[PDB]
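Student: part one of the assembly, not moved from where it sits:
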Amino acid sequence: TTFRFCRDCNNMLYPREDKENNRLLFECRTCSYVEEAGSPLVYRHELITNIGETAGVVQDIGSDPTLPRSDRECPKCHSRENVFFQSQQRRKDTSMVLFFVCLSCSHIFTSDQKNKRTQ
Amino acid sequence: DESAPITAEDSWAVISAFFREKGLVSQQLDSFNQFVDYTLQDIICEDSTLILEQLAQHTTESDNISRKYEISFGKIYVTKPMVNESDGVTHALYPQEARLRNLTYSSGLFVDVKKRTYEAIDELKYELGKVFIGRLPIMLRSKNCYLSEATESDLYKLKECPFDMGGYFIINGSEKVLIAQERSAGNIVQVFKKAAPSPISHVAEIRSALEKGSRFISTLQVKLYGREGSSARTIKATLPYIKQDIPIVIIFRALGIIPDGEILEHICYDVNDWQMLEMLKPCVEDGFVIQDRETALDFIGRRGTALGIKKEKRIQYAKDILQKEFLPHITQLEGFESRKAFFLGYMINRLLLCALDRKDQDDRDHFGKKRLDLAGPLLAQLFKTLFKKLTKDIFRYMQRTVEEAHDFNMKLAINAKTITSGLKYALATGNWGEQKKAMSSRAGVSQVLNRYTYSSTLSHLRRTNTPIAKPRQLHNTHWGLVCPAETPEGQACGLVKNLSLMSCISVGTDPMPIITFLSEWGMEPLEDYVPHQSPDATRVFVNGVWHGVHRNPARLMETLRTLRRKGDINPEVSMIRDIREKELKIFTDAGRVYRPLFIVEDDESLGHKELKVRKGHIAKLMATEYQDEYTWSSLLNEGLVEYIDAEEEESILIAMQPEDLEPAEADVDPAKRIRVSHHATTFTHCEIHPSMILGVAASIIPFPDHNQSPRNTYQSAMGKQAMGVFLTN
Amino acid sequence: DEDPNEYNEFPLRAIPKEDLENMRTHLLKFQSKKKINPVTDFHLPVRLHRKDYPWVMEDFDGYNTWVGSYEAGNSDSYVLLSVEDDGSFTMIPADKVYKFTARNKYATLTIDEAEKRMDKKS
Amino acid sequence: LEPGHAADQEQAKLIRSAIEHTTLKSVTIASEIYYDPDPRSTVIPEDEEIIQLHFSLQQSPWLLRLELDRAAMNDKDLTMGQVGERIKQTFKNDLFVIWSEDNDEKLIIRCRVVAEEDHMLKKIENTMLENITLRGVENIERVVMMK
């Protein structure tokens, strides 16, 4: 989604349709502000989420002693130095796929041999 | 070769030192001492001074005279134990005479009192010793007890047994042991899913209470209305003294954070995270009605209370509730809206984080989130209600004696028997409360010390009671802190915990030296936080009070750790760094159960990651063992060993054996048990000895590693009923 | 080290003790969102009054009003540094910092009526 | 099972499918609300092909677009046709439904109604996920086959 606020109010924006020119706007319900929409998408639900998997990957991730290490060669820098964890999306369903974070290039690679990622 | 790695037998030389110093009841004594040396004074100074003002009728002489009288409480004194015989004479009293003549082993409580007088005519206030207040029972072997600085031969002449360990009181001649009471730690943010049939799907709770001073047990609930699949999922919060749950938005507005997005900035810290933000749109719609700070306070003020009809009245209320009853930890002061707003926002962040299935529901049974109220705090709780009982009986007197000008006689004013018999009652009977009119009061807090066998006495001074999710089960967090076998069979099974040998309980220190230290070490104060400017900022807490943020925690954490390992920051203080969650929580807090572990450092010029303690320290200790200059404190200040509570345990990585779990591989005995490996290169700490996970009773079980789990649980119950010499006296 | 470079250093008059407003130098802070422009023909006038104490700021009628509230303190403190024509600096401690703290407005003939409608809701 | 078809595993599956409860929620990846003002031409270039057909061989400019999971649509055996049919038969002539073919890469259902419409569609998507029953009998979840 990614929504905007009113400059002047800082209050949130409500969508208004410009019936005449068939176009979407964003009105402020505290002042007389109006701005045209960036995207046609107003609301996104998302039931089968993937946002949470690689959360809290601070560059300090290597400083956690609790995290386990592996000798897996990186897809980028080919470094056999990396820390690993499972999908941080705390759901029942969730697969046991592993996320490896490079102790040099910091690139996040997975063990998923069914699908190919970029997060 | 004084810097050679330590063997497995050497861990006993450290354990020897731990016990040479601490003894078996350090928890019981260290608690009481803290209460006598510090806690006692602060209880006399919280409410302390009381005033009575007599303003005239302003008719004519003898009217038109306005006065104000003061009564102040200064330093508090406490004698060695004494006794007031029938024939007036007061003299010292030793533990043996107490037990035989059924007396109480108590000492005198004395407080400096001052009585000022002031006066005005028809605005300008112009001015016109040490009193006994009660007898406080002493815990044996404490600082105040005669037996504390007593040598072996000394005790024998005193007809006491040197093997006796102290840790009890003597009330009317019977020994009494305060049992540690287990409660959930306060000022703690916890998110819980509210069950299938409920309007509210998840709740963020905070049991806010003061470290000392009245202790407002006001628990704030931040409720997520609507269930997983219901439209209009709003967030409302139940505020103390307010009947209804106010939509979060109005609270922020009443706080001063007026526009949406300024409000949203306090809740969601990532401008990217659309998922959490969509979840806030309903709240914004809910709070759309109220647009300024005033109208927000009226809306809060409307919803009583009772209602308290009058416009000026309701808006004035909401001010007071937000100041005095809403989030009372942090501050109860005035201009701290910014601090309490960011906290509420941190709570909503956690509420939504769990509902978005990114975090797990809080484990209500994590030992790190539990506190143990020992002899110290128990007496502190009782003394508070007992001193406010005395304070308000003196006031009742100051009225009675200003009416008839009967000369404010001190002895008539202060009733000694109030605090004396008020404590004697609790300790005797065991109903921890005021007084002969007790219920609900908690019975069994104080009980008669088991003297069947010596082990029976020891295990009674390490007993824990838990009153009222799955409490009886042995939790992982109980490792090294509580005995896995020593628990009763039936009704109390798993609700009566027994402390492991090396377990100690945090006495409670001062947070300010750490808050002062933090700010000076790169900690940006919350009052000036701008979430989107510093978005990766590690949020720093000291006793569930969010103080600010820090940009390079890596270096700060190392400084704080070096501060502790030096002694500059007390060793009983807990500090944890959850990298993934971007948080640094600090605990100066009383009641936390801790255990000592060996420190391991990657730091070794020659080779790998190795245990700080070397064969040279070990001989340095056994030199002092032969002398009966290198104590347990010596290992602690030399940062070789450290104290780790359950919350801190979460972030460490421990090796069981040092030698067996340190150098890697460059035939094997079949009779020995199958063991794992030292695969970890990450090891932060090492286990002094794994047998230390056991309590007093289980520690007499030979080969408990060769018995079926409950057979061990049985022995740690029977040995308490086994005959033998209990004391040499 | 040696200074091959030049530094311009100005004498700082640690706060003069005796000043007419030695006692009060305060900070009035506005959030950028408020978009207050001091150079406004309209904002030529301005009145600052204690509300009986938050400060109340108001322009001529028809213009926005702001409320000023005091921020919490800390160990460090702020000083205002001003420079004289001669380079010397004079520093003055900030007495208080206020976050302002104004109006909107469009809050008349409403609020109480909207809540009532909301109640006609439950 | 019925006397005859007692050893027939395929008959067991048929009943399993006919009884085990299935909701539009269990098949949906995500639902989206878009402003697509021309009913005949789409702002989403993906969907461009779905229109080109479900038109050849008046309504709201607000679009409810939901993506279904192929893997999920299979375990609880279902077709885009049959899923769409349920929605169509639920909202009758007050909702205009189109759907991407079972063959087509992404699985999509485009819906439109027949001033003020934003909240209206958010109600329609809740009805859709929570109240629309595809297969099965109510109260009957997790149906296992057993020998």
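Tutor: Great, that's in hand. Numbers count the residues shown, from 1 in each chain, chains lettered A, B, ... in the order given.
Student: residues of stretch B:480-495 that come out buried?
Tutor: B:480-487, B:495 (16 or more other C-beta atoms under 10 Å in any protein chain shown). No exception for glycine: its C-beta is placed from N, CA and C like everyone else's.
Student: just say helix, strand or coil for residue B:489.
Tutor: At residue B:489 the chain is in coil, as set by DSSP: H, G, I helix; E, B strand; the rest coil.
Student: correct me if wrong: it contacts residue B:713.
Tutor: Yes. Under the criterion of C-beta atoms under 8 Å, residue B:489 makes contact with residue B:713 at 7.4 Å.
Student: stretch B:679-696: end-to-end distance?
Tutor: 33 Å (C-alpha to C-alpha, to the nearest Å).
Student: that stretch vs chain A: in contact?
Tutor: Yes. Contact of stretch B:679-696 with chain A (C-beta under 8 Å from any C-beta of the partner chain) involves B:680-684.
Student: buried set for that stretch?
Tutor: Within stretch B:679-696, the residues that count as buried by 16+ other C-beta under 10 Å are B:680, B:682-689, B:691-696.
Student: before we move on, back to that, which one of the buried residues of stretch B:480-495 sits closest to chain A?
Tutor: residue B:480 (16.8 Å; C-beta to the nearest C-beta).
Student: so which strand or helix has that closest one?
Tutor: According to DSSP states H and E, residue B:480 maps onto no helix or strand at all.
Student: quick one: it from residue B:716, how far?
Tutor: Distance, residue B:480 to residue B:716, by C-beta to C-beta, to the nearest Å: 17 Å.
Student: check the gap between the spatially most central residue of chain A and residue C:48 for me.
Tutor: With distances taken as C-alpha atoms, centre = their mean, the residue of chain A nearest its centroid is residue A:51 (5.2 Å). Note on residue A:51: its distance to residue C:48, by C-beta to C-beta, is 48 Å.
Student: got the phi and psi for the nearest residue to residue B:573 once chain neighbours are set aside?
Tutor: Leaving out its chain neighbours, the residue that sits closest to residue B:573 by C-beta to C-beta, 6 or more residues apart in numbering or on different chains is residue B:588, at 5.5 Å. When read as degrees, to the nearest 10, the backbone of residue B:588 gives phi -90, psi -10.
Student: now swap in residue A:90 and tell me
Tutor: phi -70, psi 70.
Student: residues touching it, list them.
Tutor: A:52, B:357-360 (C-beta atoms under 8 Å, 6 or more residues apart in numbering or on different chains).
Student: any of these buried? List them.
Tutor: Buried among these (16+ other C-beta under 10 Å): A:52, B:357-359.
Student: could you also fit chain E onto it:
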Amino acid sequence: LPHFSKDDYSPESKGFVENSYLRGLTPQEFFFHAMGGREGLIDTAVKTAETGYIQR
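Tutor: To build on what is shown above, here is chain E added in:
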């Protein structure tokens, strides 16, 4: 336990007691057996009154 790395689903991590009683238990094996052992003592304790009232 704090002696293990995170996301360890190994038998040794989730409570598999590899050894015989004759051989002896490792501290980890000992504590896990203790957790499992405590569970039975809890039901023995509870069942006792629940079972009693059913009888009545």
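Student: chain E added, so what about the buried residues of stretch B:480-495 now?
Tutor: By 16+ other C-beta under 10 Å, the buried positions in stretch B:480-495 come out as B:480-488, B:493-495.
Student: show me how far the top helix by length along chain B is from its chain's centre.
Tutor: Assignment by DSSP state H gives helix B:375-403 as the longest helix of chain B. Relative to the chain's own centre, helix B:375-403 is displaced by 24 Å; criterion: C-alpha atoms, centre = their mean, to the nearest Å.
Student: same check on stretch C:16-30?
Tutor: For stretch C:16-30, the distance to the chain centre is 12 Å (C-alpha atoms, centre = their mean).
Student: do the longest helix seen in chain D and chain C come into contact?
Tutor: As assigned by DSSP H, the longest helix anywhere in chain D is helix D:118-131. No. Helix D:118-131 does not reach chain C (C-beta under 8 Å from any C-beta); its nearest approach is 15.2 Å.
Student: the strands in chain A, which residues?
Tutor: Assigned by DSSP state E, chain A shows strands spanning A:13-18, A:23-28, A:34-36, A:41-44, A:69-70, A:82-86, A:98-102, A:108-110.
Student: now for the fourth one, which elements pack on it?
Tutor: Counting by 3 or more C-beta pairs under 8 Å, 6 or more residues apart in numbering or on different chains; DSSP states H and E, the packing neighbours recorded for strand A:41-44 are helix B:274-278, strand D:28-35.
Student: now do the next helix or strand after the first one: everything it contacts.
Tutor: Next along the chain after helix B:274-278, taking DSSP H and E as the criterion, comes helix B:281-286. Contacts of helix B:281-286 with the rest of the structure, by C-beta under 8 Å, 6+ apart, involve A:12, B:232-236, B:247-249, B:260, B:263-264.
Student: got the buried residues for the following helix or strand past the longest helix of chain B?
Tutor: Once helix B:375-403 ends, the next helix or strand along the chain (criterion: DSSP H and E) is helix B:410-413. Going by neighbour count (16+ other C-beta under 10 Å), the buried part of helix B:410-413 is residue B:413.
Student: how distant is helix B:410-413 from the center of its chain?
Tutor: With C-alpha atoms, centre = their mean, you get 37 Å for helix B:410-413.
Student: stretch C:21-41 too?
Tutor: 4 Å.
Student: contacts for that stretch?
Tutor: Counting by C-beta under 8 Å, 6+ apart, A:7-10, B:259, B:262, C:15-16, C:43, C:57, C:66, C:68, C:78, C:80, C:92-100, C:102 sit against stretch C:21-41.
Student: report the buried members of those.
Tutor: Neighbour-count burial within the contacts of stretch C:21-41 applies to A:9-10, B:259, B:262, C:57, C:66, C:68, C:92, C:97-100, C:102; the criterion is 16+ other C-beta under 10 Å.
Student: mind adding chain F? sequence follows:
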Amino acid sequence: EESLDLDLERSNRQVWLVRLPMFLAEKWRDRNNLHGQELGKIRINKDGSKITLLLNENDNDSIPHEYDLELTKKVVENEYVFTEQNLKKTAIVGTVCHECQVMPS
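Tutor: This next block brings in chain F, placed alongside the chains you saw above:
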């Protein structure tokens, strides 16, 4: 003057806002007003803009330690300084052109 009025920021006078450590301010108080309370001097170094604060020798007996300053942004905010005199007149003295923090040394 005009009662309840605010004074003159229109002149666009600029001032700097500096955060100082409590200990330093404590030292500054020591300086005598009669002296004019000259606490020390501010150094502006080039080759990059570096600003530091050094205490006067009189203030302490040792080698004066420079306190580095971290320059900071105005932030999305407008900061103005207003003064209230004993007379209680209120004046809008200046706008904060630059913000800085004096680090402890």
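Student: can you check the buried residues of stretch B:679-696 again with chain F included?
Tutor: Applying 16+ other C-beta under 10 Å to stretch B:679-696 flags B:680, B:682-696 as buried.
Student: before we move on, what about stretch F:42-50?
Tutor: Per 16+ other C-beta under 10 Å, stretch F:42-50 contains these buried residues: F:42-43, F:45.
Student: between the residues you listed, which is nearest chain B?
Tutor: Closest to chain B, out of all of the buried residues of stretch F:42-50 and judged by C-beta to the nearest C-beta, is residue F:42, at 22.3 Å.
Student: from chain A, how far out is the closest one?
Tutor: 36 Å (C-beta to the nearest C-beta, to the nearest Å).
Student: where does that residue sit: helix, strand or coil?
Tutor: Taking three-state DSSP, the label given to residue F:42 is strand.
Student: contacting residues for it?
Tutor: Per C-beta under 8 Å, 6+ apart, neighbours of residue F:42: C:9-10, C:12, C:89, F:51-54.
Student: okay, those residues in a markdown table with neighbour count next?
Tutor: Formatted as a markdown table, the contacts of residue F:42 follow (neighbours: other C-beta atoms under 10 Å in any protein chain shown):
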| residue | neighbour count |
| --- | --- |
| C:9 | 17 |
| C:10 | 16 |
| C:12 | 24 |
| C:89 | 20 |
| F:51 | 22 |
| F:52 | 19 |
| F:53 | 24 |
| F:54 | 19 |
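Student: what sits closest to the residue nearest to the centre of chain A if chain neighbours are left out?
Tutor: residue B:275 (6.1 Å).
Student: does that neighbour touch residue A:47 like I think?
Tutor: No. When contacts are counted by C-beta under 8 Å, residue B:275 is not listed as touching residue A:47 (11.8 Å).
Student: the two - which one has more neighbours?
Tutor: Neighbours were counted for residue B:275 and for residue A:47 using other C-beta atoms under 10 Å in any protein chain shown; residue B:275 has more, 19 against 16.
Student: closest to residue B:45 out of the buried residues of stretch F:42-50?
Tutor: Distances from residue B:45 to the buried residues of stretch F:42-50, taken as C-beta to C-beta, are shortest for residue F:42 (44.8 Å).
Student: can you map out the strands along chain F?
Tutor: F:14-20, F:38-45, F:50-55, F:66-72, F:77-84, F:90-102.
Student: is chain C contacted by the last one?
Tutor: Yes. Contact between strand F:90-102 and chain C, assessed by C-beta under 8 Å from any C-beta, occurs at F:90-96, F:101.
Student: let me know whether that strand sits next to chain B.
Tutor: No. Legend: contact between strand F:90-102 and chain B by C-beta under 8 Å from any C-beta is lacking; minimum distance shown is 10.3 Å.
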